[PDB]
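Chains as they are written, first to last, in the UniProt record's numbering: chain A, 243 to 302; chain B, 665 to 693, 702 to 715.
A virtual CB, placed ideally from N, CA and C, is assigned to each residue, including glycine.
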Amino acid sequence: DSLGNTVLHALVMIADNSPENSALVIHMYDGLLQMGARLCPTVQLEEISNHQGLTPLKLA
Amino acid sequence: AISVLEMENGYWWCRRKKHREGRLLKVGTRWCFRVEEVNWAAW
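Right under this line is the structure:
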């Protein structure tokens with residue numbers, strides 16, 4: 243995006259520490275991570291950083 | 665709330681004029705007040 247966030251960063255951003263919200267975020271994150279292993283598996287989706295250098299783990 | 669309702673009247677030597685909030689139609693055959709909110713209430 244303009245801020246540098248990828249699909250995985252947005253799922254961290256939209257979380258708000260809620261029961262249903264956390265379950266939805268976790269399910270979607272796991273599904274996207276699994277689907278990333280079938281399409282272009284030569285790259286890692288959990289290493290792309292924003293314009294601030296943060297990764298999804300650090301951003302969380 | 666009490667302080668707001670008291671100040672809105674104005675000073676005793678100069679009384680002000682009050683104003684409403686929002687404006688809509690009758691919504692079918702009604703000065704409303706918009707309130708946004710965010711909720712993941714099971715869609």
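Is any beta-carbon of chain B found at less than 9 Å from that of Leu266 of chain A? Position 24 of the first sequence holds residue 266 of chain A. It does; some Cβ of chain B falls within 9 Å.
Consult DSSP for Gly295 of chain A and reduce its assignment to one of helix, strand or coil. Here residue 295 of chain A refers to the residue found at position 53 of the first sequence. Here DSSP, grouped into helix, strand and coil, assigns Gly295 of chain A to coil.
Proximal residues of chain B, C-beta to C-beta of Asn259 of chain A below 7 Å: Within the first sequence, numbered from 1, the residue matching residue 259 of chain A stands at position 17. In chain order: nothing, as chain B lies at least about 11 Å away.
Less than 9 Å between the C-beta atoms of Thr248 of chain A and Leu296 of chain A, yes or no? Along the first sequence, read from residue 1 onward, the residue named residue 248 of chain A stands at position 6. Along the first sequence, read from residue 1 onward, the residue named residue 296 of chain A stands at position 54. Not a contact, by the Cβ cut-off of 9 Å.
Anything in chain A within Cβ reach of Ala665 of chain B, meaning under 7 Å, just list it in chain order. Sequence index remark: in the second sequence, residue 665 of chain B carries index 1 (1-based). Result: empty, since nearest Cβ-Cβ is about 29 Å, beyond 7 Å.
Going by C-alpha to C-alpha distance, which of A:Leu253, A:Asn292, A:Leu245 sits closest to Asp272 of chain A? As a first step, residue 272 of chain A must be located in the first sequence, where it is residue number 30. Ranking the options by Cα distance to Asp272 of chain A, first place goes to A:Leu253.
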